[PDB]
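Trainee: Protein chains in written order, with UniProt numbering: chain A, 1 to 183; chain B, 1 to 183; chain C, 3 to 122, 134 to 290, 294 to 456, 464 to 509, 690 to 727, 736 to 749, 808 to 892, 909 to 1121. For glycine and all other residues, C-beta sits at the position ideal for the given N, C-alpha and C. Sharing a structure, written as structure tokens. Questions coming.
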Amino acid sequence: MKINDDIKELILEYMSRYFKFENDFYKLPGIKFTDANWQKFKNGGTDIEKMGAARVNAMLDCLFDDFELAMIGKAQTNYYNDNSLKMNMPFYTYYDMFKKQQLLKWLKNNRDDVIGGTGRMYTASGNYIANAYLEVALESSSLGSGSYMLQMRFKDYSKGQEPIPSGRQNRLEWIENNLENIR
Amino acid sequence: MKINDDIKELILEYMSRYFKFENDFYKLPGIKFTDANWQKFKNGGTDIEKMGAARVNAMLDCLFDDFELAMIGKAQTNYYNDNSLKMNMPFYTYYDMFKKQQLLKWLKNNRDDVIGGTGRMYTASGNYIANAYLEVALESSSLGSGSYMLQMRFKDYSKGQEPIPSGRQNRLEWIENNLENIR
Amino acid sequence: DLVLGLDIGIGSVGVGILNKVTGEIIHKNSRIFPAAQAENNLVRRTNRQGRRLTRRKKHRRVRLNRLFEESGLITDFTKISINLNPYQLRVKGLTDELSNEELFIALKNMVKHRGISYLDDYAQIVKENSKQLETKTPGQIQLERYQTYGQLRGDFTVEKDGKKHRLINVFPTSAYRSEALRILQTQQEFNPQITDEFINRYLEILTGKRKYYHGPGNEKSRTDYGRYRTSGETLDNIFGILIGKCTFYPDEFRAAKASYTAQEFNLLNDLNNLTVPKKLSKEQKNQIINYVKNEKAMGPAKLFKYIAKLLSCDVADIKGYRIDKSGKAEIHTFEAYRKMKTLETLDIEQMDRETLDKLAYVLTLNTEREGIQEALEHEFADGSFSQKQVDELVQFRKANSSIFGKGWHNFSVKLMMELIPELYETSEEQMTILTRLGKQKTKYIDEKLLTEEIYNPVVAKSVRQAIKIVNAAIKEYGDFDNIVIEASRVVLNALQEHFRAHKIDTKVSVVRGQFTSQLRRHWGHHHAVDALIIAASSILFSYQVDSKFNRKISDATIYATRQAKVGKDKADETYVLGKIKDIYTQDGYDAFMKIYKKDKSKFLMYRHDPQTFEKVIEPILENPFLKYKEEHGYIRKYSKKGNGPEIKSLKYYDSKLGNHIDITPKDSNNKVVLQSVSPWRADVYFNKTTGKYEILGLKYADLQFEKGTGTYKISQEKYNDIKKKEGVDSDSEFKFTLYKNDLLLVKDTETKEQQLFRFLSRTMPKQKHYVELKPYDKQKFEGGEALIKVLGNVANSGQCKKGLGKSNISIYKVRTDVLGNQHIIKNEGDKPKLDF
DNA sequence: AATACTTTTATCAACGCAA
RNA sequence: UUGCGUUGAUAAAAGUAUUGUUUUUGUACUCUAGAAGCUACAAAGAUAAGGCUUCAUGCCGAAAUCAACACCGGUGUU
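Now the structure itself:
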């Protein structure tokens, strides 16, 4: 894990994904910006390499799961060792590609083990957002009291007004047919 | 994972585990201490919550693997939510218990893909340590040229003065035989 | 030598104990519980069988999609145009060719609205709206309504060339089947891929309906609300297990009133109660039974004439008969046996006796064609009933609704077969024969027998709480000599049967409240000392805790929000909207003046269309909306020529946004919320670093059914999110949890003062560690009453809301038993319970 | 959420007739 | 207290219809082919947050039960 400006663009992109109003994100406990400091941080003003470690590691944890903070280090490892990837695209597009490849390996090797559900995210006033993302886990890596060790977090970008079905078979089949509308 | 007073103690304990001199640790280019500030950090004079993000994550990235920060997050959840765990041990003892639990759960289910190897941790002297930790990893979660997705490092606390048997089957039999000693 | 006295009220039960010699007061307390109002299971049952309609509507659409996909007509269902007119496509495709996508939109709009089916002031309007179906399909009716009046759906009045009347979109479901059959026959003549199995499967999708005696479920779904039970069985009629049991054999089902045995018993008991100047013998009884059996026309008059000629005296001498409303002679005949002799295809004369009892069980329970046609297969012998016989008894039971819809006898056939040989010879009633024949927890008293015989829902809860108080008292203070109490006779008989079968005599008695009011007038906490008065004729509190987890999480009403600046805002804030419906109504005009006087710019119309707000400002000034309605029609919008739309409603910025659930859709533009979210419990934490308590707060909405197994829990990461919000540090330690009506002790540490309250909730979610407290001794906490030195005063309204993150307090949890003996704890467990 | 329609089973009350 | 016969209330459970609230899209109205998203109408999606397997006349989700812990329906104590 390294902290640089690519992590700032990744934080800004995923904040733009899960939160419709920005006031819900930067006023969370642990992050706790003001409006002037947010308009300074968002507009390239203040450095991220010199910020507090607790504030950066609280911004990284609300948007990524505890397993998705492992694929950021491996994405940074394979991204700073290839001239064919640095010039073409930014870091978050490669991160989305990495996450989708690991999902494809999950669906190939361990297809009768993949479970999922709707996730809810807590905003800056405590009132949560029902169905903020779609969480996808491996049931063999269950841990205890409803927490999983291998877990991912997607979001659907679909045009048809038809929600994701419930049950293990219908949800797995929806994920298999719509493997392009999730980022 | 959070950054608080119980992360500095884990960093200091793992530095005392892996490096033979402290001067090999705090002069690495990501960390870059001086001998006054290192004793100020080692004695409790500074705050780890307000330190620079790149330096703290560089320390945590040098000492730990990319997969074990996920285990740090999960262990922090289980550790802070329970009372006897909080008030009967330090955090690094429960972290080693968590690591051993996951290792035995790894060997119990599918032991045919567990492989191991030697570890070479670089220092600030040009040389390094040829064998300080033992790597154990899963063959199914292979990424690229030499990268593994799921991986952990252990240390041998045996007092028989015997070297590591190289090869897959013998090392698997040795780590299964010595399951009560390594931490 | 102790006396127990109980005061059994609506929402409280008082209890006292005396010693009967010295008269000292041993114990006195009061149990307080909520009253079991019957309005809550009505809301739960209404929403339970109101979600099934939505579920089956959606499943009709799913089955239609699978039908189109399986027959090969449409492959993918993404590019179907939302913005066509379905009614024009229905009326057009009666005689033309629709190209596999217009047919989909037509048939889907058909199955989204099918009609009523019960017809095989509201019925007068369906009578008016059904005469035009003699020549037109409902699609034609709705299309002419659409292109004549503009408006199609709802119920709406309109003025035609003749007279003002009413239009309603309800048509019977026979016309929808006829229209769909014509459409599919024409499209089968055009499209040769519509098979006859396609149109049959579609027509079973359209007009399919379960029956009222079938209930929910499937062969493999196995719900316990209809048939197909979870025990592996399968009923025929889900009301066939609700039939009550016999009076003297509590394992036998009752007998049908129109069986052979019930009518034989009723006639043999009807004329043994008849005294003739001295009772009728066995021979004349067998003769009159054979005379009422073999007779085409019997009655109550010809029976009296026949007994008058059989004993040869007269008719008016006889006394003992059952009189009627208007004074006559009423006596049982074999009415269902003489009526069942009018069947030409099946002969009942040489048919068995038990077969005449199963034929009345089937014809008494089942009322439809499919019920009787299905309940003649499993019960009876295989065969034994031809199809013409089955149809003739189906139209027989449909023709006689008053005879077979009477009900069920209060005895069984197994018991009534033990008296019919007896009341032939010995001329007696049923009661003397049953008297001369005699048919009729190990330490504590169980509640299953006594709540079984209470049916008022307010009384049964009080009865069970009094039973629990009695069980706790005889567990604590040995045994008594008197149990005096205060629907009423059955607990007397239950306690008497309990103590009588246990070979220990205690005087259990009731007393009237007028006597006790007389005692209070004569002799000179409200339930306690009055229960002591009850036990004298011969404190502590115990509340009931509310700890049920799945309750109403929020409203079901969907609200719309907008981002605006109303009044004195510096930046854009989110605002919950409202709506004035039916402006012409008197309440709509009073509400319009209520919004209009305090703020003019709260309306959305004033900010976006101001020109037409200079056409609503004149009828409120110089004319109020109902007068303009009857004068010129509705208050239309602003245009150059008078073709602007009408005005019936006005939406406005109602309020600011507080507690909610954000249920905004995928492709939305504004935030869409659910309001009125309620709290459940609170967890109490403590840290030795600062030395003050922290208090979480959970809601009903924070838990969910989880994603792999379906168990109801809250995970640890979401719990840590709620811990981070509410100000609880991560190295605090967990003390206990508090539900509603739990007793909470607050003790000061500097000057050692103690009070204890009841927990209510965790109000004001802007400050931290604020908690609402209810009083211990009373039920109102009214006034500006003072408290201990650290908390303060009760507020002006009567609501105690205190921030318990103080610097000197200490907090304990009190667990009172049913008698009120308080046990004070300080540390419940290692980890709060999250999995249920 | 909130009005229209259909059906079954059970339990109390109140009056009359045997006890 | 047991049986029968009428008329009144209550309770529990089941099967349907039409709307109401809200989101998007289309036409009309308004201002200059664009915008505005107020006022109408018509479609399509949702309707306590959510979840399941049996793949379908599919199913569950707003009631009641309540002092805890320890020892073999009973026994002990803050």
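Name the chain A residues whose beta carbon is nearer than 8 angstroms to that of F67 of chain B?
Mentor: For the purposes of this step, residue 67 of chain B is taken as residue 67 along the second sequence, with counting starting at 1. Within 8 angstroms Cβ-Cβ: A70.
Trainee: When you compare only the Cα positions, how much space is there between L138 of chain A and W106 of chain A?
Mentor: Position 138 of the first sequence, counted from the start, is the residue given in the question as residue 138 of chain A. Position 106 of the first sequence, counted from the start, is the residue given in the question as residue 106 of chain A. Taking the straight line joining both Cα atoms gives about 8 angstroms.
Trainee: For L12 of chain B, which residues in chain A fall below 8 angstroms Cβ to Cβ?
Mentor: The residue labelled residue 12 of chain B in the question sits at position 12 within the second sequence. The contacting residues do not exist; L12 of chain B stays about 16 angstroms from chain A at best.
Trainee: How would you call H61 of chain C, buried or exposed, if buried means at least 16 neighbouring beta carbons within 10 angstroms?
Mentor: The residue labelled residue 61 of chain C in the question sits at position 59 within the third sequence. By the neighbour-count rule (16 or more Cβ atoms within 10 Å), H61 of chain C is not buried but exposed.
Trainee: Mind checking if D1006 of chain C is an interface residue toward chain A, Cβ cutoff 7 angstroms exclusive?
Mentor: For this step, residue 1006 of chain C is matched to residue 721 along the third sequence. Closer than 7 angstroms: yes.
Trainee: Starting from the C-beta of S125 of chain B, find all residues in its chain whose C-beta is less than 7 angstroms away, skip the five residues before and the five after it, and write them out in chain order.
Mentor: To locate residue 125 of chain B, count along the second sequence from 1; it is residue 125. Once the five neighbours on either side are set aside, the close Cβ partners of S125 of chain B are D24.
Trainee: Have a look at the DSSP bridge pairing and note the partners of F1021 of chain C.
Mentor: As a first step, residue 1021 of chain C is located in the third sequence; it is residue number 736 there, counting from the start. In DSSP, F1021 of chain C forms a bridge with C:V969.
Trainee: From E277 of chain C to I436 of chain C, what distance separates their C-alpha atoms?
Mentor: In the third sequence, the residue the question calls residue 277 of chain C occupies position 264. In the third sequence, the residue the question calls residue 436 of chain C occupies position 420. Taking the straight line joining both Cα atoms gives about 8 angstroms.
Trainee: Step through the CB atoms of chain A and report whether any lies within less than 7 angstroms of the CB of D61 of chain B.
Mentor: By 1-based counting over the second sequence, the position of residue 61 of chain B is 61. Judged by the 7 angstroms Cβ criterion, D61 of chain B is in contact with chain A.
Trainee: Does DSSP classify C62 of chain B as helix, strand or coil?
Mentor: Residue mapping note: residue 62 of chain B aligns to position 62 of the second sequence, counting from 1. Looking at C62 of chain B - three-state DSSP - the assignment turns out to be helix.
Trainee: Between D333 of chain C and the rest of its own chain, which residues show a CB-CB distance below 8 angstroms, the 5 nearest in sequence each way excluded?
Mentor: Here residue 333 of chain C corresponds to residue number 317 of the third sequence, with the count starting at 1. Excluding positions up to five away in sequence, the list reads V289, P290.
Trainee: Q1107 of chain C by DSSP, collapsed to three states: which one?
Mentor: On the third sequence, residue 1107 of chain C is found 822 positions in, with the first residue counted as 1. Strand.
Trainee: According to DSSP, what are the bridge partners of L138 of chain B?
Mentor: Along the second sequence, read from residue 1 onward, the residue named residue 138 of chain B stands at position 138. Note: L138 of chain B sits in a beta bridge opposite B:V114.
Trainee: Out of B:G160, B:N170, B:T77, which one is the CA nearest neighbour of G117 of chain B?
Mentor: Within the second sequence, residue 117 of chain B is the residue found at index 117, counting from 1. Of B:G160, B:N170, B:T77, the residue nearest in Cα terms is B:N170.
Trainee: Evaluate the contact criterion for the region 264-279 of chain C versus the region 359-373 of chain C: three or more CB pairs, one atom per stretch, below 8 angstroms.
Mentor: Yes: at least three Cβ pairs fall under 8 angstroms.
Trainee: Identify which residue in C:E351, C:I339, C:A268, C:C329 has its Cα closest to the Cα of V308 of chain C.
Mentor: Start at 1 with the first residue of the third sequence, and residue 308 of chain C comes out as number 292. Taking only the C-alpha atoms, the option nearest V308 of chain C is C:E351.
Trainee: From the DSSP output, which residues share a beta bridge with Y997 of chain C?
Mentor: What you label residue 997 of chain C is simply residue 712 of the third sequence in a count that begins at 1. According to DSSP, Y997 of chain C bridges with C:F990.
Trainee: Under 8 angstroms by Cβ, that's how I've got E509 of chain C and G716 of chain C pegged, so tell me the actual separation to the nearest angstrom.
Mentor: As a first step, residue 509 of chain C is located in the third sequence; it is residue number 486 there, counting from the start. As a first step, residue 716 of chain C is located in the third sequence; it is residue number 513 there, counting from the start. Confirmed, about 7 angstroms.
Trainee: Using the beta-carbon count (16 or more within 10 Å), is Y226 of chain C buried or exposed?
Mentor: For the purposes of this step, residue 226 of chain C is taken as residue 213 along the third sequence, with counting starting at 1. By the 10 Å Cβ count, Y226 of chain C comes out buried.
Trainee: In the DSSP assignment, the beta strand (DSSP E) including residue 1131 of chain C goes from what residue to what residue?
Mentor: This structure gives no information on residue 1131 of chain C, because the portion of chain C shown stretches from 3 to 1121.
Trainee: How is the beta strand (DSSP E) around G18 of chain C delimited, first residue to last?
Mentor: In the third sequence, the residue the question calls residue 18 of chain C occupies position 16. From DSSP, the beta strand (DSSP E) with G18 of chain C extends over 14-20.
Trainee: Would you check if the region 1014-1028 of chain C and the region 956-976 of chain C touch, i.e. whether three or more CB-CB distances between them fall below 8 angstroms?
Mentor: Cβ pair count under 8 angstroms is three or more, so yes.
Trainee: What in chain C is Cβ-close to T77 of chain B, meaning under 7 angstroms?
Mentor: What you label residue 77 of chain B is simply residue 77 of the second sequence in a count that begins at 1. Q1001, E1002, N1005, listed in chain order.
Trainee: Please report how far the alpha carbon of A130 of chain A lies from the alpha carbon of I1007 of chain C, in whole angstroms.
Mentor: Numbered from 1 along the first sequence, position 130 holds the residue referred to as residue 130 of chain A. Numbered from 1 along the third sequence, position 722 holds the residue referred to as residue 1007 of chain C. Approximately 15 angstroms, taken between the alpha carbons.
Trainee: Could you check whether the Cβ of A130 of chain A sits closer than 7 angstroms to any Cβ belonging to chain C?
Mentor: Position 130 of the first sequence, counting from 1, holds the residue named residue 130 of chain A. With 7 angstroms as the cut-off, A130 of chain A counts as an interface residue toward chain C.
Trainee: Using only the alpha-carbon positions, how far apart do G167 of chain B and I115 of chain B sit?
Mentor: As a working mapping, residue 167 of chain B is identified with position 167 in the second sequence. As a working mapping, residue 115 of chain B is identified with position 115 in the second sequence. Cα to Cα, the separation comes out at about 9 angstroms.
Trainee: Taking any Cβ of chain B, which residues in the region 1090-1119 of chain C have a Cβ under 7 angstroms from it, in chain order?
Mentor: Listed by position, the residues of the region 1090-1119 of chain C near chain B (Cβ gap below 7 angstroms) are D1115, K1116.
Trainee: Can you tell me whether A742 of chain C is buried or exposed? The criterion is at least 16 other CB atoms within 10 Å of its CB, across all chains shown.
Mentor: Counted from its first residue, the third sequence places residue 742 of chain C at position 531. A742 of chain C is buried by the Cβ-count criterion.
Trainee: For chain C, find out if any of its Cβ atoms is closer than 7 angstroms to the Cβ of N178 of chain B; answer yes or no.
Mentor: Here the question's residue 178 of chain B lines up with position 178 in the second sequence. No, no contact with chain C.
Trainee: Any beta-carbon of chain C closer than 7 angstroms to the one on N88 of chain B?
Mentor: Here the question's residue 88 of chain B lines up with position 88 in the second sequence. Judged by the 7 angstroms Cβ criterion, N88 of chain B is not in contact with chain C.
Trainee: Does the Cβ of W726 of chain C have 16 or more other Cβ atoms within 10 Å, making it buried, or fewer, making it exposed?
Mentor: Indexing the third sequence from 1 puts residue 726 of chain C at position 523. Under this definition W726 of chain C is an exposed residue.
Trainee: Could you give the residue range of the alpha helix (DSSP H) that holds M87 of chain A?
Mentor: Here residue 87 of chain A corresponds to residue number 87 of the first sequence, with the count starting at 1. Counting along the chain, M87 of chain A falls outside any alpha helix (DSSP H), and DSSP gives it neither H nor E.
Trainee: How big is the Cα-Cα spacing for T208 of chain C and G245 of chain C?
Mentor: Along the third sequence, read from residue 1 onward, the residue named residue 208 of chain C stands at position 195. Along the third sequence, read from residue 1 onward, the residue named residue 245 of chain C stands at position 232. About 38 angstroms.
Trainee: With which residues is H178 of chain C paired in a DSSP beta bridge?
Mentor: Counted from its first residue, the third sequence places residue 178 of chain C at position 165. In the DSSP output, where bridge partners are listed per residue, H178 of chain C has C:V171.
Trainee: Please state whether DSSP places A690 of chain C in a helix, a strand or coil.
Mentor: Numbered from 1 along the third sequence, position 487 holds the residue referred to as residue 690 of chain C. Coil at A690 of chain C, not helix or strand.
Trainee: Is the separation between the beta-carbon of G11 of chain C and that of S32 of chain C shorter than 7 angstroms?
Mentor: The residue labelled residue 11 of chain C in the question sits at position 9 within the third sequence. The residue labelled residue 32 of chain C in the question sits at position 30 within the third sequence. No, these two residues do not count as a Cβ contact at 7 angstroms.
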